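Below: one structure, written as structure tokens.
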Amino acid sequence: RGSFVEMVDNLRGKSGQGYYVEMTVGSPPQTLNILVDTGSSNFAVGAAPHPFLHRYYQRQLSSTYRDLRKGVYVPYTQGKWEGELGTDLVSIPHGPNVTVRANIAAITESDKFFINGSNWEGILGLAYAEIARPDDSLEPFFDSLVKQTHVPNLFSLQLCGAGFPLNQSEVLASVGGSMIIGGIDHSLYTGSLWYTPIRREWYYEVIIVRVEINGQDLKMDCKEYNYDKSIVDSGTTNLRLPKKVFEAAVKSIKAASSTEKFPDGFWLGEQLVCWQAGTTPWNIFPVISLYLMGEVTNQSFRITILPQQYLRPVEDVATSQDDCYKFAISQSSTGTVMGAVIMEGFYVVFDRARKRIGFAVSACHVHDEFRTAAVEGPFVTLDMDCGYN
Ligand SMILES: NC1=N[C@@]2(c3cc(NC(=O)c4ccc(F)cn4)ccc3F)COC[C@H]2CS1
């Protein structure tokens, strides 16, 4: 049974541009679309005109706006945002039937933050206060929600990739998935949920203990997989891997798929590759298994993704009926990032109450009739020291 009908199908978007949920801020309520971001911890919204924003938070029109008289500056690798801190009443229309007073960073300047055509106007950082900006005294949204209401301290995400390109109209009209606030909806997954511990409450940090490509062990010291951390991050597109793991994985994926040769720019995630309509050779590309530490001592389980997850559908650079994709695995210098293309394979339970992350096969993962994504266990013979310090 699906017990959270009110919140099922409340997301829209896609791996290229992000998955978002509708929220309201202020009194009377101002509706905004907000990126669901498990890899940061600020609730930050556009609050001044911008060429890529169709709307924005207007603090002067909110009777419940409270000015904290404090700026926040947030540079990150790909860009930056800065703005002004305050609080206001916030609700999620397709969410729990509650309204909370939460911190809001009113974005006044940004660089490469907003995405033309994404249809979102702010971000909902769902990770922990430790990585909030300017510091850990700025209570994140979810903490406020839990403190102020009877909502259980847990949320779950089903991100649904289409498996093909969606034009602007289609992505607006399409259901992109679900964020279930306070619970687990059984209709969103098949098979069993398997849980891995949250190593530390800052990012949603986990520990990978083994990596296989088509069943072949990458055979790296498991610390390499978590150097310098491994996180589950809905606010990143790709599966990102530490440099040395990336190099070893790409070598192995190339070897598995070697019946076709792809240019270097494809493997660099820059260049698309295309096949005649319907003829994408899924079967030449390997499955990828990530083994995660179990809750039981000396046990692990694995999550297995298909090329239908790690090849991201993109429309052709020229007009055609070809099926085209970009390689959605890329190198990282800040650890492993299980981004949206990985999350598209799975229903993911962020069980904050029990300090654990659950994975099950998603009811909306893209596959073919020969192979599916999998979550399987337990495995009891693995060497598990895998965390980086
Ligand atoms: N997890 C991260 N969150 C941050 C962030 C994320 C994004 N996300 C996206 O555009 C995006 C697009 C496609 C996707 F499938 C997912 N996300 C945009 C701005 C931005 F600042 C906020 O804190 C650090 C920064 C960099 S890593």
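As numbered in PDB author numbering, residues -4 to 379, 381 to 385 make up the sequence shown, in order.
Each residue gets a CB set at the ideal place from its N, CA and C atoms; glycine is no exception.
query                                                                                               : result
Own chain residues within Cβ distance below 7 Å of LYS224, not counting five before or after        : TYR198, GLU200, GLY330 and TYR384
Of the listed residues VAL312, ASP311, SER247 and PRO308, nearest to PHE280 (C-alpha basis)         : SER247
Backbone secondary structure at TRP270 - three-state DSSP                                           : strand
When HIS181, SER325 and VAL361 are compared against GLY(-3), the one with the closest alpha-carbon  : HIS181
Beta strand (DSSP E) segment containing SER327, residue limits                                      : 324 to 327
Distance, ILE337 Cα to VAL95 Cα                                                                     : 31 Å
Contact belief for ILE126 with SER187 at Cβ below 8 Å, rounded distance in angstroms                : Not confirmed; about 31 Å, so no contact.
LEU287 versus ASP228: straight-line alpha-carbon distance, rounded                                  : 16 Å
Assigned exposure category for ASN92 - 16 Cβ within 10 Å defines buried                             : exposed
Any non-hydrogen atom of ligand 1 within 7 Å of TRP197 CB                                           : no
Distance cut-off 7 Å: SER35 Cβ against heavy atoms of ligand 1                                      : yes
The region 157 to 171 / the region 209 to 226 touching (three or more Cβ pairs under 8 Å)           : no
Distance cut-off 7 Å: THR231 Cβ against heavy atoms of ligand 1                                     : yes
Beta-carbon spacing of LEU152, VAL31 below 8 Å                                                      : yes
CA nearest to the CA of residue 380, picked from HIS360, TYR14, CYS155 and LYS239                   : No atoms are given for residue 380, which sits in the stretch of the chain between 379 and 381 that the model skips.
Per-residue DSSP class, three states only, for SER284                                               : strand
Cβ pair count under 8 Å reaching 3, the region 249 to 266 against the region 352 to 360             : no
Within 8 Å, strictly: CB atoms of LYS75 and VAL67                                                   : no
N-terminal and C-terminal residue of the alpha helix (DSSP H) that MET2 is part of                  : Run containing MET2: none; DSSP gives neither H nor E here.
According to DSSP, residues forming a beta bridge with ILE102                                       : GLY41 and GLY78
Start-to-end residues for the alpha helix (DSSP H) that takes in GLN303                             : 302 to 305
DSSP bridge partner residues for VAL206 (one or two, in chain order)                                : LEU285
Reduced DSSP secondary structure (H/G/I, E/B, other) of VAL31                                       : strand
Neighbourhood of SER22 by C-beta, 7 Å cutoff - its chain only, sequence neighbours within 5 removed : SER57, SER58, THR59 and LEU84
C-alpha gap between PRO160 and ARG297, whole angstroms                                              : 29 Å
One or two residues paired with residue 380 in a DSSP bridge                                        : As shown, the structure holds no coordinates for residue 380; the chain passes over it, running from 379 to 381.
For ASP317 and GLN271, believed in contact at Cβ under 8 Å, the rounded distance                    : 6 Å
Where the beta strand (DSSP E) containing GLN153 begins and where it ends                           : 150 to 154
Buried/exposed call for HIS360, threshold 16 Cβ in 10 Å                                             : buried
Same chain only: Cβ atoms within 8 Å of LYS65, ignoring 5 sequence neighbours per side              : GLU79, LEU80 and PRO129
Coarse secondary structure for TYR220, derived from DSSP in three states                            : helix
First and last residue of the uninterrupted alpha helix (DSSP H) at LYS238                          : 238 to 251
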